[PDB]
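Have a look at the structure below, then the notes.
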Amino acid sequence: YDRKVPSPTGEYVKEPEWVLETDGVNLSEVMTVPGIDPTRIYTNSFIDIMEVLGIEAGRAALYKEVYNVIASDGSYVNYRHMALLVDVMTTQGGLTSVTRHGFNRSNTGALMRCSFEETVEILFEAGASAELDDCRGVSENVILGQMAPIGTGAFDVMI
Amino acid sequence: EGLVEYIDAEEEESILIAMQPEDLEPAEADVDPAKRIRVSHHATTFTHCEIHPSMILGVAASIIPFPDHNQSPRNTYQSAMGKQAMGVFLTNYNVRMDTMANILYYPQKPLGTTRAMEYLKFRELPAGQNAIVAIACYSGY
Amino acid sequence: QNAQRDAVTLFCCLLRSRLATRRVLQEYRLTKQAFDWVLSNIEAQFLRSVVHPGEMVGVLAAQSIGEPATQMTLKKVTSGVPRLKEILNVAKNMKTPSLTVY
Amino acid sequence: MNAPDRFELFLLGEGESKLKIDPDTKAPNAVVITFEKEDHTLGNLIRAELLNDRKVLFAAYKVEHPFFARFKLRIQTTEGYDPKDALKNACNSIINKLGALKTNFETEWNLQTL
Amino acid sequence: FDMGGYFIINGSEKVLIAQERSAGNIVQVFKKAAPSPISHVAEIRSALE
Amino acid sequence: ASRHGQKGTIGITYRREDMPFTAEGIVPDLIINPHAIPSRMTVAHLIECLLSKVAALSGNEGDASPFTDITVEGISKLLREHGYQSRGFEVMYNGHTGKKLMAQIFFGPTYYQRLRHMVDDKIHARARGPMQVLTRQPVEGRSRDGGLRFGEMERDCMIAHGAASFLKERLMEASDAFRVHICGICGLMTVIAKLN
Amino acid sequence: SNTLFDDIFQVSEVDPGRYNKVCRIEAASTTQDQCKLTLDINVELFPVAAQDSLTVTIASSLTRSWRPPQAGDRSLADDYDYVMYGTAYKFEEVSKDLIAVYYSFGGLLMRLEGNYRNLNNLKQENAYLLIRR
Amino acid sequence: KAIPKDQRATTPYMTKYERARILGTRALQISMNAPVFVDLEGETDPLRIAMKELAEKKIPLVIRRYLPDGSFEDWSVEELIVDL
Amino acid sequence: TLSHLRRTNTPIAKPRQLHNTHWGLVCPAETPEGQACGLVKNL
Amino acid sequence: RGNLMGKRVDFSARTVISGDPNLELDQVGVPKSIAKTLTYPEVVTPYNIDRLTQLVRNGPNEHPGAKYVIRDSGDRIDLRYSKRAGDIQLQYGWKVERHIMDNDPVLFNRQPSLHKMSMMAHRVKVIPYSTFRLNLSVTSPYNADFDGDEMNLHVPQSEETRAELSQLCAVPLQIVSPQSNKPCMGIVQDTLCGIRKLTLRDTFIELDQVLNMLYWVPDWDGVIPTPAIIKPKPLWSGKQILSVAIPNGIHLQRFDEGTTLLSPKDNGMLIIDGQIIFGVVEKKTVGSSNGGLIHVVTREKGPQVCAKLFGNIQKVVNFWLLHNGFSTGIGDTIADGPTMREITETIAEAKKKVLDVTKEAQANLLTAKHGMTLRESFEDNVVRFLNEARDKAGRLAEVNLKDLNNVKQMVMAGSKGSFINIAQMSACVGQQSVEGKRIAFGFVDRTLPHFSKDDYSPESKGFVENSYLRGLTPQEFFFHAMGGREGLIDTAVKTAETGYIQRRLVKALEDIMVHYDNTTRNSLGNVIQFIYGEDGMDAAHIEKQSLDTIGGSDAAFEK
Amino acid sequence: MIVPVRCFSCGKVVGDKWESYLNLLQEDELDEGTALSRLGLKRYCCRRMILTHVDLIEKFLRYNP
Amino acid sequence: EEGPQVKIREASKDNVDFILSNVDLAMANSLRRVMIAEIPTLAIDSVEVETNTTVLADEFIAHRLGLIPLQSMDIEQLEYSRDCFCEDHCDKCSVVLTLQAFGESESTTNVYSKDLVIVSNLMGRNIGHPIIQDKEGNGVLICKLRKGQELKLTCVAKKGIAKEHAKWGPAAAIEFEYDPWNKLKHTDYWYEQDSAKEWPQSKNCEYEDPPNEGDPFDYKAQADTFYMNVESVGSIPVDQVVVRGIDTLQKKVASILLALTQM
RNA sequence: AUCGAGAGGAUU
Ligand SMILES: [Mg+2]
Ligand SMILES: [Zn+2]
Ligand SMILES: [Zn+2]
Ligand SMILES: [Zn+2]
């Protein structure tokens, strides 16, 4: 692996390093090893990273991956967007997935979680847990045809 | 008389088909630079020859002028649209009473037929005028 | 004001390096009028770059990652649209796991 | 079905002039005349014959859009020389070229066999 | 020119389309997955003509 | 469209005059663009045209048929003897002006299919027509003076713009809207509206 | 309203750089051995060749739409065979006690190098260029 | 409750979403023949009229910005900078 | 018309591929792009 | 998810679409027929009765006119029948539902929509021909050429529903897109393929053209630029007047490969004020690129000034081009004999090189590269050796191609095509593949039954040895048939897999919306980012700048 | 399909020339090449008006009433 | 004479291959355009149909007759039916034509344009004779018929122009080249080896001089001499085409002079 | 009218 790094004299130079590439994973027992840097070692599983270095690295990893999907293609999205996505999955404690098991069960109003996946049982148990719906989230006010609290609808106008 | 023989895929497994029935089995006793690069004879066990390679095509492709100078996709794409083309769809169109029907005022044989257009009866029921086309940057459209 | 100070940290390292005493004068011989403008300008032209309260930056960030995914069709690693699917399910059963030892 | 009948290419509709003439605001002594139900067949000729006159600074025509049968001519001229004259004395010059063409062709035509 | 091949069913031509099906009455060896207990299977769809 | 996936719609129509045109006096039937050549790599297209020229000329048939010993060399030496430059180019002249073309141009007899899909068979607009029975929403097809489905997938591009009042009106004033009566106690539509 | 430089140059290299209607020309001053000039020259309008010599001027004179000629009846600051009009962008230190001016005649370029020009070739919008013989 | 005349953070600028709507909101009022507050120097498009009413800070509305907790701020369409 | 009479269906490991053994029976090219692509075949 | 989230809706329309060079950017070619039906409800107001009243007489059938007239009583007048339909005395505070006319807010999208920018507002030009006509430039965001794709119009009904389109959605304000902090609409086709042509050093324009061109651009001050050439002739450079399209204060700097303040390549680019000083104009500059012009002229001068910038670069470029030409014969894809030799003699050594590896691997001398099969390292030895011939050969024919060569020339602009497009066409087509492996064994231990068993050379295994110009062989053909057949498989399903990805991605972020405290949250009011994008900045206004505190010697830093 | 008047491309009436083309081929036993040129068909646009022309009128007639 | 010099070299009843010395490119062109397009002619433009039992449909046949060439000699003293004060057509604006024809025999019965029949008063002007060049003497070929098939038509022929439809074009194919060797270098030849061994000398390289390797590029030179040839459908004969072209171009140039005078 | 299927377009 090529590596740019500072000469004492100032400039950045070409110091090429030997890096070891693997098939399969157990980070819990590879970083503990002699003669390898355990501040730098990288596994592309962001789920093992999460288990070992704990959530906040988890983020950074998952991101790197998500990015490296985009840039491999020669594409480029501005950090902020991916960041966001990543950050979203990251907040609720662990690794909230982008499917019904993950995000779409998390304490939101019923009319919203209605519009996504399990459209009936959401409504069912939400009539039995007697959920009170907030009505602050796009999907809720589409569903009753109101101007949804969005850009032009964020504030109220008075005279 | 036994000069041809029906062969199915299963059976196919045990044979050794030759492609050109000429060049591909006379003696091996100067070489026009334009003619594509044809492999060789490298086989001495031939049982069967192929009739004409041009026949791995079915109906739609067998309308394309030199598919062999083109890439997959397109060839496929044309097949999808040769079906959507338009003209002489039958001769009794006068006497039929079907919903929809589109016939070309002046349909032509193309100026560049396939050896299959022959038996596909294309020459006789074509769909397409043989229009003069320019392929240069003009006007702005 | 202790986020505000951080939330500008990067932009500044530039600003300070481009409006350096020897630079302003030596490299692009500015005057006093000009300079005061160069400031007057930045301050505003900056202030126009803040996000707007309103901006629905959910939907935005979804599409923004969505589109270029739709521009993926086809040295071994699960890459392209199949990897993206893996990542997003938080896939436990990943096709190409790998360490990269340093 | 949206299609506009061909004749809309040589016949003038309603309230429509052959020529509308307008002063340019950008330059001094410059004018932009519109020509309805015309085109290149005409424009191009007026413009290139109007570049023959030495007392003419600027001369240009455009067909702003193929769907319509317009075209605009903008002409700039020397101090004192009104643009209209520059058009007039340019237009005529054409006719007089064409007029002797007609005749010169005749004299030749008649001399041949077949 | 009309080549036939179709039927006519309430004044409308109908074609029957060639269906594809995995052959009957032949032996096939099928290496099974990792989390499955069986490692190989030999299959035979058996039918009488 | 042509015969090689090179599908396309008309764009404009230039009467025989303002069209370009060659020194022989020709007047192409249609023009396409070189752009359509390199990204899709269909070379048979220009080939058929080059080979076809020769057909039109010698008066014979184009042997386009696949695996054969035909070449662009072999066609070209035939167009050589036959009047033209071996590779399908003809010095053309602009229409508007008649100034010679800085460039030359590929130009040949090249078959071309007129496809189904007709323009004047889509052009549908709506201004409020009939409505379904169940929903009091609009009516699919074009064939019933239909509507156009405001995509759920397109609602997301409204949200995206922050345009909200446009998104209430698309969804209400038209599609639906309806005036119900609610009880302040039991939060439902038990209300009998004995109006007037 | 007046000349800004004048010198007699020796054409030392012609460069048909994948072109037909333009050349890049390598020429150096006679007398002053502290000088060279590289210039872009429409070799269809005025052919140059290796080991030729040409007189080279500047000026800034002989800003309202360029009136078409009509100038068999006007002053024309040219006994000159070939004349172009352009703009100057940067002015170059070759360390020293040396200088160089960079010129652009709508695409065609000119590099000139010396010293005494300090108080002549300005930082200016103006600048014609006149070759002859 | 409310929020005081001072102690206000909320971008004193105008967010497009505010402004876009301000225009719109008056550009309704206008096209329904309510009173005009400028001299209409040549235009008669009602939204082009509200753009000018804005250009001269004479639109008598007050943005009411909602912060997440439920508290909220007020800005006359005079106090707000309109850069963009 | 001719094209439709010579058509093949296939209900539902790598079916959609144009497989080595297809040479001579199925057309290497004719097949309806998209929807149910490569399942349907022309002889 | 079918009747609430997404309703079928009124006042809308769709046709085939077609690209109108002589239309401005923010515009929308809307066929009379269509604009003859859709209808905006307008109020009787002192400012309009003189227009409107005329419109109601002008009747529901000739253009600028109207159906339905609404009253105090809020009942309906049905202009297309009705006994008083050439009468009616518009009595203040009534609605007249007019036709849609020039210069209006229309929301023009496309399926499948995947940006804010799939959709946007245009200005209406009512036209001939039943089709929607839009400015080529606006062929990106929407995504779709002129091969048959339909598009959709939605005519708003509230005066704000207007504003909110023209202020927020309107087209030029989409030019530089949040997605990727660079513009998303940038000149293309001809335009670019000729803006290169126009700009060549060898392109000089004499007087007669220079005046039409000049005149052609609709913002031209009337001041003919002094011609670069004033000598034996008076000519300008192509650059010279293109420079009339570019505004004032615009500065642009590049440097490329050999770019040395003289560019003896005309390499790089330098734009000082409205004038271009040196360089050859193409993609990098005018493409929807980052460091390019559109990016610059927007942030500098206005979206507007930048919108009108498009159609000027156009109006001239297309014109110049019209009276120049450009094309592509198959002569664009021939190649010199003595190269046609060198390419075959490049291919033979590389076929005859796989023959020797294969020879070796068969006498058990092929060494097992750590961590792979003996076979696996042989597949890898081969693919790489033939993937390399084709590249060497393609680049051998990239060298052979002259300058006048329309292909080499579009690729020189970057209008359509890359390298590979050439490499194949003229010299060799390379290896085919399925599931990232060279051509499989369907027939027991062989590929086609025109072959021996257990033959591992390249001809046997899918190596199309011939160019497209030469023609493929029967085997070659079928192999390549097995290839492409894969591409067609993905774009059928690899699009629904995407189509679902997004649906979730969208439904998962949704209500994340920067609040008034600048802290980014959701419907619960739970923080996700305490400052959007870790710096509370909109993705739009940003651009890649060098922080040159970072590089350089500790030495060169002090200096 | 009754042989066109005038070419779509050139304009030279091609109406009259059809009958004449038939006889030239099978009467005096010519070749399509030279038998197209005997009738003043230089312009290949107009030349391929007659050659590609396919005359199905003959069949349409076969149907009885 | 003074200027715009014509000289024939070969001119038939349908071709007029001429040089054209001493002219502005512009006009030499704007002549062809106004020719191809703008020189009025009469052709069929309204077919009243009574009974037709052919195997071609109504609105085809009609389109046929459209093109069928009609004698347009004395045409410039025939009214435009959009002008003439009568309602629809009159023999002051139009030539009504008839065609009957019936399936008579066993052998296929043809329908030529020779089978067309004038019916309105010509007032003895030369108009509406369906032209024949056919050696056999049978105009065009309208249609074909088997045993029992009528056809009952009434074609009004009105004055029109190619700018309204290429039926009213009276011109077809107009050869037109300027400066054979690229003395002007208005072109840049595409090539592989010799640009001279690889493009063809045009018939018109005998009427200009070769350039001679030595001479440098003549710059201030412009476009004289234009090697034309006009072919004629024949409704108007050759000479008249060029003539009426020169004429009309001049007329529609004058309608301008006239238009300035009225302002 | 409504439910049910099949054919095709657009993402190259
Ligand atoms: Mg499309
Ligand atoms: Zn109640
Ligand atoms: Zn012709
Ligand atoms: Zn009359």
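Scheme for the structure tokens: letters A, B, ... for chains in order shown; per-chain residue numbers from 1; ligand numbers from 1 in order shown.
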
* Asked: Residues at most 8 Å from residue 47 in chain L, counting only C-alpha atoms (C1' of nucleotides), excluding those fewer than 5 positions away in the same chain, as a list in words?
  ->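 Once the adjacent positions are removed, what remains is residues 62, 153, 154, 155 and 156 of chain L.
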
Kindly save the residues from that selection, with C-alpha atoms included, as a short mmCIF file (atom, residue, chain, number, x, y, z; two decimals), in the first residue's frame.
```cif
data_model
loop_
_atom_site.label_atom_id
_atom_site.label_comp_id
_atom_site.auth_asym_id
_atom_site.auth_seq_id
_atom_site.Cartn_x
_atom_site.Cartn_y
_atom_site.Cartn_z
CA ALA L 62 -56.29 11.41 -54.16
CA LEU L 153 -63.31 11.36 -59.49
CA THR L 154 -63.46 15.16 -59.92
CA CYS L 155 -60.12 16.94 -59.49
CA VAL L 156 -59.99 20.69 -59.08
#
```

* To do: Could you pull out the residues in chain H that DSSP calls alpha helix (DSSP H) from the backbone, as a PyMOL selection string?
  => chain H and resi 16-31+46-55

* To do: Would you please work out which residue, of G:15, G:44, G:113, G:7, is nearest to chain L when using only C-alpha atoms?
  => G:44

Sorted by chain and rising residue number, list the residues of chain G at most 7 Å from chain J (counting only C-alpha atoms), each with its closest atom pair and distance in Å to one decimal, as a tab-separated table.
```
residue	atom	partner	partner_atom	distance
G:19	CA	J:202	CA	6.8
G:20	CA	J:202	CA	6.9
G:21	CA	J:202	CA	5.3
G:22	CA	J:202	CA	6.0
G:45	CA	J:232	CA	6.7
G:64	CA	J:223	CA	6.1
G:65	CA	J:223	CA	4.2
G:66	CA	J:226	CA	5.5
G:81	CA	J:232	CA	6.8
G:82	CA	J:231	CA	4.5
G:83	CA	J:231	CA	4.3
G:84	CA	J:229	CA	4.7
G:85	CA	J:228	CA	4.9
G:86	CA	J:228	CA	6.3
G:104	CA	J:277	CA	5.9
G:105	CA	J:228	CA	5.3
G:106	CA	J:240	CA	5.3
G:107	CA	J:278	CA	5.0
G:108	CA	J:201	CA	6.9
G:109	CA	J:262	CA	6.6
```

* Output the contact residues of chain E with respect to chain B at a cut-off of 9 Å, based on only C-alpha atoms, as a count of residues only. => 3

* Could you list, as an NGL selection string, every residue of chain D that has an atom within 12 Å of an atom of chain G, counting only C-alpha atoms? -> :D and (26-28 or 51-59 or 76-78)

Take the residues just selected and output them with N, CA and C atoms as a PDB file, in the first residue's frame.
```
ATOM      1  N   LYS D  26     -29.249  50.063 -28.254  1.00  0.00           N
ATOM      2  CA  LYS D  26     -27.855  49.767 -27.902  1.00  0.00           C
ATOM      3  C   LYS D  26     -26.826  50.649 -28.625  1.00  0.00           C
ATOM      4  N   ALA D  27     -27.022  50.812 -29.930  1.00  0.00           N
ATOM      5  CA  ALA D  27     -26.123  51.605 -30.762  1.00  0.00           C
ATOM      6  C   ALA D  27     -26.791  52.902 -31.241  1.00  0.00           C
ATOM      7  N   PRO D  28     -25.985  53.880 -31.685  1.00  0.00           N
ATOM      8  CA  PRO D  28     -26.579  55.053 -32.312  1.00  0.00           C
ATOM      9  C   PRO D  28     -26.740  54.846 -33.817  1.00  0.00           C
ATOM     10  N   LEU D  51     -23.877  44.504 -47.408  1.00  0.00           N
ATOM     11  CA  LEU D  51     -22.492  44.568 -46.959  1.00  0.00           C
ATOM     12  C   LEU D  51     -21.581  45.020 -48.096  1.00  0.00           C
ATOM     13  N   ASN D  52     -22.148  45.120 -49.295  1.00  0.00           N
ATOM     14  CA  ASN D  52     -21.450  45.725 -50.430  1.00  0.00           C
ATOM     15  C   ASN D  52     -21.313  47.264 -50.330  1.00  0.00           C
ATOM     16  N   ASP D  53     -22.398  47.939 -49.932  1.00  0.00           N
ATOM     17  CA  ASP D  53     -22.404  49.392 -49.703  1.00  0.00           C
ATOM     18  C   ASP D  53     -21.328  49.766 -48.679  1.00  0.00           C
ATOM     19  N   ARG D  54     -20.409  50.645 -49.081  1.00  0.00           N
ATOM     20  CA  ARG D  54     -19.288  51.067 -48.231  1.00  0.00           C
ATOM     21  C   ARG D  54     -19.704  51.863 -46.985  1.00  0.00           C
ATOM     22  N   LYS D  55     -20.819  52.590 -47.084  1.00  0.00           N
ATOM     23  CA  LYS D  55     -21.298  53.484 -46.014  1.00  0.00           C
ATOM     24  C   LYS D  55     -22.130  52.718 -44.992  1.00  0.00           C
ATOM     25  N   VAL D  56     -21.875  51.417 -44.855  1.00  0.00           N
ATOM     26  CA  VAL D  56     -22.631  50.599 -43.907  1.00  0.00           C
ATOM     27  C   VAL D  56     -21.771  49.851 -42.887  1.00  0.00           C
ATOM     28  N   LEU D  57     -21.974  50.240 -41.632  1.00  0.00           N
ATOM     29  CA  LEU D  57     -21.222  49.741 -40.490  1.00  0.00           C
ATOM     30  C   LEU D  57     -21.573  48.304 -40.134  1.00  0.00           C
ATOM     31  N   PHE D  58     -22.862  48.055 -39.877  1.00  0.00           N
ATOM     32  CA  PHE D  58     -23.361  46.747 -39.405  1.00  0.00           C
ATOM     33  C   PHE D  58     -24.533  46.181 -40.233  1.00  0.00           C
ATOM     34  N   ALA D  59     -24.547  44.864 -40.450  1.00  0.00           N
ATOM     35  CA  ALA D  59     -25.659  44.213 -41.151  1.00  0.00           C
ATOM     36  C   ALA D  59     -25.854  42.739 -40.779  1.00  0.00           C
ATOM     37  N   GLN D  76     -26.692  49.112 -39.145  1.00  0.00           N
ATOM     38  CA  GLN D  76     -26.091  50.349 -38.652  1.00  0.00           C
ATOM     39  C   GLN D  76     -25.318  51.038 -39.776  1.00  0.00           C
ATOM     40  N   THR D  77     -25.461  52.361 -39.830  1.00  0.00           N
ATOM     41  CA  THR D  77     -24.939  53.180 -40.916  1.00  0.00           C
ATOM     42  C   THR D  77     -24.238  54.458 -40.456  1.00  0.00           C
ATOM     43  N   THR D  78     -23.506  55.057 -41.391  1.00  0.00           N
ATOM     44  CA  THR D  78     -22.738  56.268 -41.162  1.00  0.00           C
ATOM     45  C   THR D  78     -23.628  57.396 -40.677  1.00  0.00           C
TER      46      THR D  78
END
```

* Mind listing as a count of residues only which residues of chain J are within 6 Å of chain F, counting only C-alpha atoms? -> 25

Do you have, as a Markdown table, the list of residues of chain J lying at most 9 Å from ligand 1, each with its nearest atom pair and that distance in Å to one decimal, counting only C-alpha atoms and all ligand atoms and ordered by chain then number?
```
| residue | atom | partner | partner_atom_place_in_ligand_line | distance |
| --- | --- | --- | --- | --- |
| J:143 | CA | ligand 1 | 1 (Mg) | 8.1 |
| J:144 | CA | ligand 1 | 1 (Mg) | 4.6 |
| J:145 | CA | ligand 1 | 1 (Mg) | 4.9 |
| J:146 | CA | ligand 1 | 1 (Mg) | 5.9 |
| J:147 | CA | ligand 1 | 1 (Mg) | 4.8 |
| J:148 | CA | ligand 1 | 1 (Mg) | 5.2 |
| J:149 | CA | ligand 1 | 1 (Mg) | 4.1 |
| J:150 | CA | ligand 1 | 1 (Mg) | 7.9 |
```

For residue 1 in chain A, work out the shell of residues within 12 Å, counting only C-alpha atoms (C1' of nucleotides) and skipping chain neighbours fewer than 3 positions away, then give it as a tab-separated table (two decimals) with N, CA and C atoms, in the first residue's frame.
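What ended up in part_39.tsv:
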```tsv
chain	number	residue	atom	x	y	z
A	4	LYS	N	1.40	8.51	1.52
A	4	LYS	CA	1.90	9.87	1.71
A	4	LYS	C	2.09	10.14	3.20
A	14	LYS	N	6.47	9.89	-0.59
A	14	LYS	CA	5.98	8.55	-0.90
A	14	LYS	C	6.69	7.46	-0.06
A	15	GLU	N	6.14	7.16	1.12
A	15	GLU	CA	6.63	6.03	1.93
A	15	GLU	C	5.70	4.84	1.73
A	16	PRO	N	6.16	3.84	0.95
A	16	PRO	CA	5.29	2.71	0.62
A	16	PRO	C	5.37	1.62	1.70
A	17	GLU	N	4.22	1.18	2.19
A	17	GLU	CA	4.17	0.23	3.31
A	17	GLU	C	3.57	-1.12	2.92
A	18	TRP	N	4.01	-2.17	3.60
A	18	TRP	CA	3.42	-3.49	3.41
A	18	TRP	C	2.19	-3.58	4.30
A	19	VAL	N	1.05	-3.90	3.69
A	19	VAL	CA	-0.21	-4.01	4.40
A	19	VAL	C	-0.78	-5.38	4.13
A	20	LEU	N	-1.41	-5.98	5.14
A	20	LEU	CA	-1.89	-7.35	4.99
A	20	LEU	C	-3.39	-7.44	4.77
A	21	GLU	N	-3.80	-8.10	3.68
A	21	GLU	CA	-5.22	-8.25	3.32
A	21	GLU	C	-5.83	-9.66	3.51
C	100	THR	N	-7.62	-5.70	7.39
C	100	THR	CA	-6.57	-5.08	6.61
C	100	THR	C	-5.55	-4.70	7.66
C	101	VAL	N	-4.54	-5.54	7.82
C	101	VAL	CA	-3.63	-5.43	8.95
C	101	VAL	C	-2.56	-4.38	8.67
C	102	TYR	N	-2.23	-3.57	9.68
C	102	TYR	CA	-1.20	-2.56	9.54
C	102	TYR	C	0.02	-2.85	10.38
```

* To do: Compile the contact shell of range 25-35 of chain E as a list in words: residues with an atom at most 6 Å away, counting only C-alpha atoms (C1' of nucleotides), same-chain residues fewer than 6 positions apart removed.
  =>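 The residues that qualify are residues 41, 42, 43, 44, 45 and 46 of chain E.
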
Filtering to N, CA, C and O atoms, could you give me those residues as a short mmCIF file (atom, residue, chain, number, x, y, z; two decimals), in the first residue's frame?
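part_30.cif, freshly written:
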```cif
data_model
loop_
_atom_site.label_atom_id
_atom_site.label_comp_id
_atom_site.auth_asym_id
_atom_site.auth_seq_id
_atom_site.Cartn_x
_atom_site.Cartn_y
_atom_site.Cartn_z
N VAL E 41 -28.19 -33.99 -2.79
CA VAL E 41 -29.45 -34.66 -3.08
C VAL E 41 -29.43 -35.15 -4.51
O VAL E 41 -28.83 -34.53 -5.38
N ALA E 42 -30.09 -36.28 -4.75
CA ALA E 42 -30.31 -36.76 -6.10
C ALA E 42 -31.80 -36.72 -6.38
O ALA E 42 -32.60 -37.33 -5.65
N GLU E 43 -32.19 -35.98 -7.41
CA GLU E 43 -33.60 -35.77 -7.68
C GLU E 43 -34.07 -36.52 -8.91
O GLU E 43 -33.27 -36.83 -9.80
N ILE E 44 -35.38 -36.81 -8.92
CA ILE E 44 -36.08 -37.42 -10.06
C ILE E 44 -37.60 -37.16 -10.07
O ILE E 44 -38.36 -37.74 -9.30
N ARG E 45 -38.01 -36.26 -10.96
CA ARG E 45 -39.42 -36.03 -11.26
C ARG E 45 -39.90 -37.23 -12.09
O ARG E 45 -39.44 -37.43 -13.21
N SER E 46 -40.79 -38.04 -11.52
CA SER E 46 -41.23 -39.27 -12.18
C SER E 46 -42.68 -39.19 -12.66
O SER E 46 -43.59 -38.91 -11.87
#
```

* To do: Give the answer as one residue: which of C:87, C:30, C:51, C:99 has the shortest atom-to-atom distance to chain J, using only C-alpha atoms?
  => C:51

* Within-10 Å residues of ligand 2, basis only C-alpha atoms (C1' of nucleotides) and all ligand atoms, as number ranges by chain -> F: 182-191

* To do: Determine, counting only C-alpha atoms (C1' of nucleotides), which protein, DNA and RNA residues have an atom within 8 Å of an atom of residue 47 in chain D; residues of the same chain fewer than 5 positions away are not included. Present the result as number ranges by chain.
  => D: 59-61, 73

* **Protein and nucleic acid residues within 12 Å of ligand 4 (only C-alpha atoms (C1' of nucleotides) and all ligand atoms) as a ChimeraX atom specification** => /L:78-96,120,156-159

* To do: Enumerate the residues of chain C with a DSSP assignment of strand (DSSP E or B), computed from the backbone, and present them as a count of residues only.
  => 5

Do you have, as CSV, the list of residues of chain D lying at most 6 Å from chain L, each with its nearest atom pair and that distance in Å to one decimal, counting only C-alpha atoms and ordered by chain then number?
```
residue,atom,partner,partner_atom,distance
D:6,CA,L:164,CA,5.3
D:7,CA,L:164,CA,6.0
D:41,CA,L:30,CA,4.7
D:45,CA,L:26,CA,5.2
D:95,CA,L:250,CA,5.7
D:101,CA,L:4,CA,5.2
D:105,CA,L:6,CA,5.4
D:114,CA,L:12,CA,5.3
```

* **At most 7 Å from ligand 3 (only C-alpha atoms (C1' of nucleotides) and all ligand atoms): residue list as a ChimeraX atom specification** => /K:7,9-12,43-47

Deliver the residues from the most recent selection as a file, using C-alpha atoms, as an mmCIF file, in the first residue's frame.
```cif
data_model
loop_
_atom_site.group_PDB
_atom_site.id
_atom_site.type_symbol
_atom_site.label_atom_id
_atom_site.label_comp_id
_atom_site.auth_asym_id
_atom_site.auth_seq_id
_atom_site.Cartn_x
_atom_site.Cartn_y
_atom_site.Cartn_z
ATOM 1 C CA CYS K 7 -39.275 10.254 -55.313
ATOM 2 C CA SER K 9 -35.813 12.609 -51.979
ATOM 3 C CA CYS K 10 -35.393 14.065 -55.488
ATOM 4 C CA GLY K 11 -38.771 14.936 -57.072
ATOM 5 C CA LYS K 12 -38.254 13.493 -60.566
ATOM 6 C CA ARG K 43 -29.473 10.434 -58.942
ATOM 7 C CA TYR K 44 -29.388 7.179 -56.862
ATOM 8 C CA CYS K 45 -32.089 8.523 -54.575
ATOM 9 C CA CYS K 46 -34.433 8.413 -57.521
ATOM 10 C CA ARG K 47 -32.562 5.214 -58.669
#
```
